[PDB]
Amino acid sequence: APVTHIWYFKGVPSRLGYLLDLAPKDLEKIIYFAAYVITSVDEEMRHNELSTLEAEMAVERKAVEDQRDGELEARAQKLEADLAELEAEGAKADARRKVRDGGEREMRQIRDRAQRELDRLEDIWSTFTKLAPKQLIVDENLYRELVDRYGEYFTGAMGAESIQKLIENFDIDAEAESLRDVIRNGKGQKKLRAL
Amino acid sequence: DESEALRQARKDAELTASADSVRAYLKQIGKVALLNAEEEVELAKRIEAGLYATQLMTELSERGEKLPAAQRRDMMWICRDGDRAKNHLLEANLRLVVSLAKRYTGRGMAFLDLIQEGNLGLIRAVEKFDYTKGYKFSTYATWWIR
Amino acid sequence: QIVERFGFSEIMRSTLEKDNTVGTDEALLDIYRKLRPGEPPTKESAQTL
Amino acid sequence: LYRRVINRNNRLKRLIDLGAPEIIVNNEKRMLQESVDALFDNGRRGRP
DNA sequence: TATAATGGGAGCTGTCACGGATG
DNA sequence: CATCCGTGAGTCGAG
C-alpha cells in the first residue's frame, strides 16, 4: 500500500498541502485514514441525469413528510381521545394536564425524528449536488449513504493512495497559471497564499 | 430529558477524530454492536451457506462446465451474502481481540501490532467456527486469538 | 451558592454573569466536550471521569 | 525500524489476501504509514 | 483450537529567544 | 503588536 514521505507532509510549510491546495489539517485526516477524500467525478453523467435524480430524491422527501403528518395526526387523535377518556372517568382536570403535556411531548419528538431524517436527506442531496475533487467527507455514514446512492457518479478513496491519485490527475501547467492570475490581481491576503 | 444541545453536541465529538492512533482505532470498533447469542448463530448459518457456494464453483471452474444464468446468479448471491456475513462477525467480536491484547503489552512488541496479529487470529477463528455445538462464538474465539 | 461564596469580589460576579451555560447537566457535558472529543457524551460518562 | 515496517508491510499482504473487512485492512495501512514515518523521521509526527 | 470471555493507559512536569502562520 | 509549533543553545577531555 503506497505511503507518503513524512518529510514533505509534516515539514512546514506542508509541501503536499500547498501542491494540491489541501489544508494541513485536512491532509492529516486523509493520509492517516480519518476522512475520505473525493478523487474524481463524472460531472457530465451527473448532469445528464440530474433532472431524474432530483425527482427521485424528492419522492423520498415527500414520502418521509407524508408519514410524519400522518403519524402526527393519529397521535393527535389519541391525545384528544385519551383526555376525554380520563374525563369520562372523572379524573381531576390537573391530572389530565399531565396527559396533555405528555402528548405534546410525544408529538414534538416525532416531528424532530422526521425532521432529522429530512435534514439528513437534505445534507445528502446538497453534498452530492456540490461534489468535486479535493473535497473531504469526514462524516462516514454520509459517505456510505453517498456511495450507496450515487456511487456510479464519482470516485472516492481514502488514505495515502487516494492522495497518490490526486497527484496523478494533477495538471501542473494548468494549476500554475491559475496561481499567476491570482497574483496579477492586487488582492493581498490571497496573493500571499498564491505567492 | 434529551436536549437538542446534547443531540448536536454528541455528533460534534463523535465526528472529530483524535490524534492518538490507538484511540482512533478504538473509536472505530465501538460503532458495531455486540452480538446476541442467536444473532451469532444466524451469521454462522449464512457463512456456512456462503462458504459452501464458493467451494462448489471453485472445483467447477477447473473442470470446466458452469451453471445456467439463473442458477449461477442465485448461487453467486449466497457467495456474496456469505462473504458479507463473515465480515460482519469479524467487526462484531473485534472488541474481543483488543480485550486480550492489552495483556501482552510491554513485552517487546507494540500494542497495535498485538491487536493486528490478534485480529489475524480472529479471521481464522470465524472460518472454522461451527454452530452445531451450542457454544457461543466468544469461547472458540479466545483460544484462537491467544 | 456561587453568588454567596465569591460575591465579595466583582471579578467573580463578572464571571458568573459572562457564564455561557447554566445547569448541572450542561456543565458536565461542556467540560466533557472540551476534555475528550471523539467520544459520545453520556450524562453518566461526564459524571464519572 | 526496518524490522518494524516489513513486519507491518507483510502483515498487510496477508490481510489483503485473506479478504479482511475494511476496518482491519485500513488499521494496518495506517500503521504502515506511521511505521515508514517513524523510520524516516522519528518524533516528527506524534509521539516518538 | 469449543464453558464464557467483547473500547488502553501512562502521562510529566522548572526554559529561552525567534520566525512564520494565524489573529 | 501578541500566541502556537519547531529549532536553535562554546570547545577539548574523562568515565
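Look up: the structure comes first, before these words.
Residues numbered from 1 in each chain as written, not as in the entry; some residues may be left out. Chains lettered and ligands numbered in written order. Part of a larger assembly, values for the part shown. Heavy atoms only, no water. Residues with missing side-chain atoms left out of burial classes, pairs and counts.

Q: I would appreciate a short explanation of the packing of helix α6 (residues 111-127) of chain B against helix α7 (residues 137-145) of chain B in the present structure.
A: Packed helix pairs are specified by the crossing angle of their axes together with the interaxial distance, meaning the distance between the axes. Residues and elements named next belong to chain B. Running from N to C, α6 and α7 point in directions that differ by 130 degrees, and their axes come no closer than 8 Å. Taken together, the axes of α6 and α7 lie oblique to each other. In this structure, the crossing between α6 and α7 has a hand that is right-handed. The residues of α7 that touch α6, namely those facing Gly118, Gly121, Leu122, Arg124, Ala125 and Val126, are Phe137, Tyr140, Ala141, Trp144 and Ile145. A breakdown of the residues in the contact of α6 with α7 according to their chemical character gives 8 nonpolar, 2 polar and 1 charged. (Axes fitted to C-alpha atoms, helices over the stretch in contact; angles between N-to-C directions. Helix = DSSP H or I, 4+ residues; strand = E, 2+ residues; numbered from the N terminus. Parallel < 35°, antiparallel > 145°, perpendicular 65-115°, else oblique. Left-handed = near helix turned anticlockwise from the far one by under 90°. Contact = heavy atoms within 4.5 Å. Nonpolar A, V, L, I, M, F, W, Y, C, P; charged D, E, K, R; others polar.)

Q: Sorry, what's going on with the protein's contact with DNA strand E here?
A: Close to DNA strand E lie 27 residues, the nearest being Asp20, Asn93, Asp130 and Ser138 of chain B together with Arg47 of chain D. Across the atoms of DNA strand E situated within 4 Å of the protein, the share located in sugar and phosphate is 39%. In this structure, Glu40 of chain B approaches DNA strand E through a side-chain N or O atom, which is 3.3 Å from a base oxygen. Interatomic distance of 2.5 Å between a side-chain N/O atom of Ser138 of chain B and a phosphate oxygen of DNA strand E. Elements supplying a minimum of two residues to the surface near DNA strand E: α2 (23-29), α5 (94-99) and α7 of chain B. Here the surface near DNA strand E takes 6 residues from α7 of chain B, the largest share from any one element. Looking at the surface near DNA strand E residue by residue, the class counts come to 10 nonpolar, 6 polar and 11 charged. (Near = heavy atom within 4 Å. Polar contact = N/O pair within 3.5 Å; in protein donor to acceptor, adjacent residues only side chain to side chain.)

Q: Explain the packing of aromatic side chains here, please?
A: The way to describe two aromatic rings as a pair is by their centre distance and the angle between their planes. Residue and element names in this part refer to chain A. A complete count under the given rule lists 9 aromatic pairs over all chains for this structure. Where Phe9 meets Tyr32, the ring centres are 5.9 Å apart and the plane angle is 40 degrees; that geometry is what we call tilted. With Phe9 in helix α1 (residues 6-9) and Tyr32 in the loop between α3 (24-31) and β1 (36-41), the pair connects residues that are 23 residues apart, well separated along the chain. The class for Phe9 is buried, based on a relative accessible area of 4%. Measuring from centroid to centroid gives 6.4 Å for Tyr150 and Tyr153, while their planes differ by 70 degrees, and the two rings are edge-to-face. Neither residue differs from the other here; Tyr150 and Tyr153 are each classed as buried. (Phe/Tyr/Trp six-rings, centres within 6.5 Å; stacked < 30°, edge-to-face > 60°. Buried < 20%, exposed > 50% of the residue type's maximum accessible area, 1.4 Å probe, protein only.)

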